[PDB]
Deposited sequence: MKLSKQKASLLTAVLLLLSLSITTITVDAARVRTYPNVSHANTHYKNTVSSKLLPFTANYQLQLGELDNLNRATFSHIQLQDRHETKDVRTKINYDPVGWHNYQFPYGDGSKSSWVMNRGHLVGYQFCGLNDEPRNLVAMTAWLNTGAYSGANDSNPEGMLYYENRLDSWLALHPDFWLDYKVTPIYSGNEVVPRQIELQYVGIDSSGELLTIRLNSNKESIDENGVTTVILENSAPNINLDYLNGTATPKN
């Protein structure tokens, strides 16, 4: 249900002040960037309410594994390459094995708290964009950028605080968090998409 110190503030900016967001149509939208010339995903961008989530109790069943850009319970996508990148387990769920939504180095910390915010504010919208950052020809992104802001019924931006020291707010109240695609005990080959201790 809830996490400590997850909140928002109304900025009183109309969403149209930002060029970073999806247009506010008051309909669910999911926009996926093209696969680029190296077949890499480029972004995944959603705008949703709590009612639109795909809350599945169960989901579908070395060389690095691929993790979602926008997490599953927001977008409901299975195996869509434009929403997948090679990702460490550390980045994906915040632990080498299993899941740790306390760990602010992992995506799950942020997405679970955004989900809690959505559930507490069923009439408001989350605009949330996840962008992998690549260097050169590398097929594994070095970093993933999470960008989020809330939108109320009247289209005004709500700055959402998830209580992490990584949240950077721009001059319209839109928050960006940059996470590293690495893990404590592992070296990655960013070029070929493999890992070793």
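Missing from the model, relative to the deposited sequence, are the stretches 1 to 32, 94 to 114, 251 to 252.
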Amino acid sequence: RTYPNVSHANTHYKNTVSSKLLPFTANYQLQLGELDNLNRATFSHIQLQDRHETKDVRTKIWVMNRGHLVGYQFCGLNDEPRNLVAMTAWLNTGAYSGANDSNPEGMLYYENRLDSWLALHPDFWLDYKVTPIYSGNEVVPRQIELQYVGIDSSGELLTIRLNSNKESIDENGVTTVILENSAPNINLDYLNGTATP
From here on, numbers count along this sequence of modelled residues.
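Here 10 to 18 and 175 to 183 are compared by their mean Cα B-factor, and 10 to 18 comes out higher. Stretches compared: 62 to 70, 159 to 167. Higher mean C-alpha B-factor in the entry: 62 to 70. Based on the entry's C-alpha B-factors, the most elevated value among 149, 57, 139, 35 belongs to 139. Highest CA B-factor among 47, 143, 153, 44, as stated in the entry: 153.
Ranked by Cα temperature factor within the chain, residue 79 sits in the highest third according to the deposited record. Residue 110: CA B factor in the lowest third of modelled residues in this chain (values from the PDB entry).
Among all modelled residues in this chain, the alpha-carbon of residue 39 has a temperature factor (C-alpha) in the highest third. Among the modelled residues of its chain, residue 100 has a C-alpha B-factor that falls in the lowest third, as given in the PDB entry. The PDB entry assigns residue 126 a C-alpha temperature factor belonging to the lowest third of its chain's modelled residues.
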